[PDB]
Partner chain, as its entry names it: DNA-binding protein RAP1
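Let's start with one chain on its own, the form solved without its partner chain, as structure tokens.
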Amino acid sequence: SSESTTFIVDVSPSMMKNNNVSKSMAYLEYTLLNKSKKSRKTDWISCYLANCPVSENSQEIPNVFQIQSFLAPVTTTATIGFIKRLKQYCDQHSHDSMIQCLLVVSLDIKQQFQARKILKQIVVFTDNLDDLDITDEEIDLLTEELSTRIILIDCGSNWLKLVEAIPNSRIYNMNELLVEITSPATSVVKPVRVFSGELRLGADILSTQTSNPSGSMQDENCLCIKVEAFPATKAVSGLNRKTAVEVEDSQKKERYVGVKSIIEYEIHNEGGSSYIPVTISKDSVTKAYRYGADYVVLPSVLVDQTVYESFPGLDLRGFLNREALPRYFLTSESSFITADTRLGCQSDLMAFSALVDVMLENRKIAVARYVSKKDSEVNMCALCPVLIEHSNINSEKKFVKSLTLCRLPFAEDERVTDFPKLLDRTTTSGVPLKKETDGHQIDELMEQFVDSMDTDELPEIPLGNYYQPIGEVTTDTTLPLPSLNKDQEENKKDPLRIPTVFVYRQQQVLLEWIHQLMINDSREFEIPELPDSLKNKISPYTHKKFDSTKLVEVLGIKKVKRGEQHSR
């Protein structure tokens, strides 16, 4: 709900010359800039300096410097400022240039937030974990006063005493963070119900196809399970962009304001020359629907008749084997169908899982009739059974049974026609075309070409792990930390599950745009390279080296008035 984060950076001579402050600055830069995009009202940041010649803080304790006050919300401009304050401090004390610091922070937190429900944390960047002296009398003192967890980062047993004492405290490496903020990260979207109704088999058409809540639950001739629907797959188109016009200001950076749009209606008076557009009112405009060669404006009462009155439900039509259903029949995005233990009882979860289990064991797909809302589109859909593994309290694996919903095509949807044969080719009349010479050598070399790029060595995602529970990706803090999940990492070798490249590229470039032009005050943008890690996922895989020069040679590859059309 709400959290505070306090950053502390060690400025010892070791941290400066070993380039450990510039590294931590890179993390702070990435962390804060991404936080700036959300501009959360409840996400606090604050920064202090340790072992610093500057002495400016509330408690007037030496060697402590509050370089950035408590800030919420975190804005982009404020982040530009903070990094530049640090960058100036870092450049000054480059060549020619702690215990109480943790105590000052705690006091400043108690005065800032008092006793409000806020997850407080302290993040510390330092090297030489061994070389530091904190007496047991100080650790006894530190645990009592502090109600704030600790995140320690090694940049290169004593330090452990603090971490082990304070509840939910952890320790990470520096390059452990430097690799996390470099690698692509999937966005966590909180699942939201898109449908709520009944999964039915043998329900009465008169009972279900009304706006009445005619309970098929009490129908003993019907299989009725209360179910919910969530989105399983949904298309993304990159970073949302803003339509804007440019404006001037006292500090002329590229300053823009958003624009709105209205819908106007016009007619064309032609004067084959050109026309004279005249804006007219919507009141004098009507929609004319097309029927063949005629266009029709319907009276208002008939315009209502055009809408087919449909009612929310999921009605089973039948079952078939997976292989019996052509894969290309699937035309839409997929959705989860789960049992409704919220609005329904616990019998739904049991009966629903029993259905999925049977469909899994017999490798069956269900054909069903789907309607999400009133007067919504009617869909024929395929219901494919799936497993979803959950991290369990017990050492045993936990598979949650579920269904996947995907739209099947109506009669009016198929565009299929007869295509010319490709294998045993013939003329248009149908006489068998002469079989290609060098035919056996082609199929022989093509077979080696297919083997040369065999990716079977690259493992498919484990059973029940293509989809992932929302619980296994939710964490305590919004700070970019290593996943810590042992199964989630290096499951990324599935060649058919790659990061959203164009989105990462956008974020990567926008970050460097800010770093170079806004912080370093450069006047030339140096756009960075796409990471080799991500390049490989969209580059040809080589299993065995193979020269297709011979194959290409044998294949022989060479580049070469509507104003009376109204009717009734």
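Numbering follows the first chain given and starts at 1.
According to the entry, the deposited sequence has 10 or more residues without coordinates between residue 560 and residue 561. Where residue 346 is followed by residue 347 in the displayed chain, the model omits none of the deposited residues that would sit between the two.
With 237 to 245 and 173 to 181 compared on mean CA B-factor from the PDB entry, the stretch scoring higher is 173 to 181. Relative to its counterpart among 301 to 309 and 247 to 255, 247 to 255 has the higher mean temperature factor, C-alpha atoms as listed in the PDB entry. For the set 323, 413, 164, 389, the PDB entry assigns the largest Cα B-factor to 164.
When the C-alpha B-factors of 507, 66, 536, 500 are ranked from the entry, the top spot goes to 66.
Among all modelled residues in its chain, residue 271 ranks in the highest third by Cα B-factor. Annotation for residue 71: CA B-factor lies in the middle third of the chain's modelled residues. In this PDB entry, residue 370 carries a Cα temperature factor that places it within the lowest third of its chain's modelled residues. The deposited CA B-factor of residue 315 belongs to the lowest third of values across its chain. Ranked by C-alpha B-factor against the other modelled residues of its chain, residue 156 falls in the highest third.
Another form, the form solved in complex with its partner chain, is not on view; read the next lines as being about it.
Comment: 116 to 124 is the region of 159 to 167, 84 to 92, 99 to 107, 116 to 124 lying near its partner chain in the entry with it bound, near meaning a non-hydrogen atom within 4.5 Å. Residue contact with its partner chain in the entry with it bound: residue 193 places a heavy atom within 4.5 Å of it.
Within this chain, residue 252 is remote from the site of its partner chain in the entry with it bound, having no heavy atom within 4.5 Å. Taking the partner from the other structure, its partner chain in the entry with it bound has a heavy atom within 4.5 Å of a heavy atom of residue 375. Of the residues in 1 to 20, only 2 comes within 4.5 Å of its partner chain in the entry with it bound through at least one heavy atom.
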